[PDB]
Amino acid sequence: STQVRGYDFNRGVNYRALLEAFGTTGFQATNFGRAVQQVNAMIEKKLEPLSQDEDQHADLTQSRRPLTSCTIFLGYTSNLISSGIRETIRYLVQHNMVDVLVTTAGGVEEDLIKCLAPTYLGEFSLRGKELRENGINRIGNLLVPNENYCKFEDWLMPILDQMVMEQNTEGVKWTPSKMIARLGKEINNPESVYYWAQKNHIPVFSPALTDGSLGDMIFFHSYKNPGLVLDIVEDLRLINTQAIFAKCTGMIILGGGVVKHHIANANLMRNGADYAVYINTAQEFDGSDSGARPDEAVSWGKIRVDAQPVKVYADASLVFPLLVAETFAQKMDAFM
């Protein structure tokens, strides 16, 4: 039985000790400490060698990504790429710390756009009329000048032209994940999440890739250059296979919506994830999938009965960098 006790600042500002004290502080601080433990368990499993029998089975996919003892799925909503958490995610992907990414369309396009032009701090209360008159788009307390999207149009159009040519003359069958890998290769910039993902053979799933600016551009482009097809069925097979042939799986899910369900549903195909951490601000009372507790997913078989999943009820912009500091960043040498 563990006693409640907070960090005592009479000891000085010992930042590691302060963070490690969250576990005994209670409420969501305790859930943060539990999340640190769960992610560290994923990492320690990941670093365990594959036995001969385990290697045989894990090698049954067509994937170029090296085999590990724990396949980690990282999901995040689009707004987290608008935020500075883009840098946190890029770091994990750059160093091969996660194996599959799932995000919505905004979470793809805004990483690419940030290589062309920055996003700025604003305020939630700024009024839409005056912003629109100035072509300034609001994302929470952030601001994206519309010229950012004009730069995206100029950059993306020639790539769409080549994609259509490759589809029609080289037999390429595009899907969202294949498009995202191509966009990461084209942006060719080490600040980009998707640059590192394609370099490191980390697939990115986004079934509704048309829901955002990428969609706007595909739409406009289709009038001049018709017939681009983005198939979602092949991408379903691809994500599900990553779960089916994993030795173990962990889910780190920031936010809700399609990203959260799509990762969890893939893990149902193996009778459940072994480890799971949710960080989101949704609540269960509305019946939403976004707000469902991890234990709802246990009823479906998306999380194993013997797992010890954790949800932190908080804005991931506050929590996720601290979580990374106490988990992946402490094992950086093992990943290089």
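Rigid core (definition): largest C-alpha set, two forms, superposition within 1.5 Å. Start at 1 with the first residue shown and count on from there.
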Original post:
Which of these two stretches, 156-164 or 102-110, has the larger RMS Cα offset in 6 other deposited structures of this protein when the rigid core is kept aligned?
Top reply: 102-110
Original post:
Rigid core superposed, root mean square over structures and residues, which stretch has C-alphas farther from this form in 6 other deposited structures of this protein, 254-262 or 218-226?
Top reply: 254-262
Original post:
When the other entries of this protein are compared, is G301 unmodelled in at least a third of them?
Top reply: yes
Original post:
How about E48: is it missing in a third or more of the other compared entries?
Top reply: no
**OP:** Take the C-alpha B-factors listed in the entry for 164-172 and for 226-234, compute each mean, and give the stretch with the larger one.
**Re:** 164-172
**OP:** Determine, for stretches 272-280 and 43-51, which one has the higher mean CA B-factor as deposited.
**Re:** 43-51
Subject >> Among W155, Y76, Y91, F205 - the residue whose C-alpha B-factor is largest in the record >> reply: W155
**OP:** Check the PDB entry and point out which of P66, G33, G26, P294 has the largest C-alpha temperature factor.
**Re:** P66
Original post:
Would the CA B-factor of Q38 place it in the lowest, middle or highest third of its chain?
Top reply: middle
**OP:** Give the position of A307 by CA B-factor within its chain, expressed as the lowest, middle or highest third.
**Re:** middle
Subject >> Ranked against its chain, the third holding the CA B-factor of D315 >> reply: lowest
**OP:** Sorting the chain's modelled residues by C-alpha B-factor, tell me whether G250 ends up in the lowest, middle or highest third.
**Re:** lowest
**OP:** Name the third of the chain's ranked CA B-factors that contains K129, choosing lowest, middle or highest.
**Re:** highest
